[PDB]
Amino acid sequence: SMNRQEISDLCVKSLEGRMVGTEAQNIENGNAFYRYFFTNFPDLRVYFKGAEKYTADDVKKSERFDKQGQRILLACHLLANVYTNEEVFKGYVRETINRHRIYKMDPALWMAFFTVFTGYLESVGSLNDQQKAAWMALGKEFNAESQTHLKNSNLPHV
């Protein structure tokens, strides 16, 4: 239904209120993702060494999560902004998977991430039907390349 440009446009528009940067608000845009993630998906804290028992307040006051918040937020901005360019998008997916090899994640989490992230964006404001659908379309492609890459890399996959 939607072409790549429209998906990119919708995903980019949905992030205008969650922009990366160096000011207090930008740091909050990233930190709040982890507060949402740790509150609503506490079973996934296990992957974050030393932070397995962190509460939202622990995350709020953690420089580790200020910095990591910016990294994941940046990653999602990159996905949104390069989606139109399918080969670059797929390159970035593979590189993300490579960089997560160390965490030994259940590979079914690659799709689940997009539920966390859209839920977060409902964790601060309006995410209209089209924008959520765009993220789920992007997520579907992210996951398809992730599982292909995992299989090609002799790693566990779904």
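In case it trips you up, residue 1 is the first one in the sequence shown, and so on.
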item: Between 53-61 and 128-136 (mean CA B-factor, as deposited), the higher; value: 128-136
item: 64-72 versus 98-106 - which carries the larger mean C-alpha B factor in the record; value: 98-106
item: Cα B factor band for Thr22 (lowest, middle or highest third within the chain); value: highest
item: Third of the chain, ranked by Cα B-factor, where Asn29 sits; value: lowest
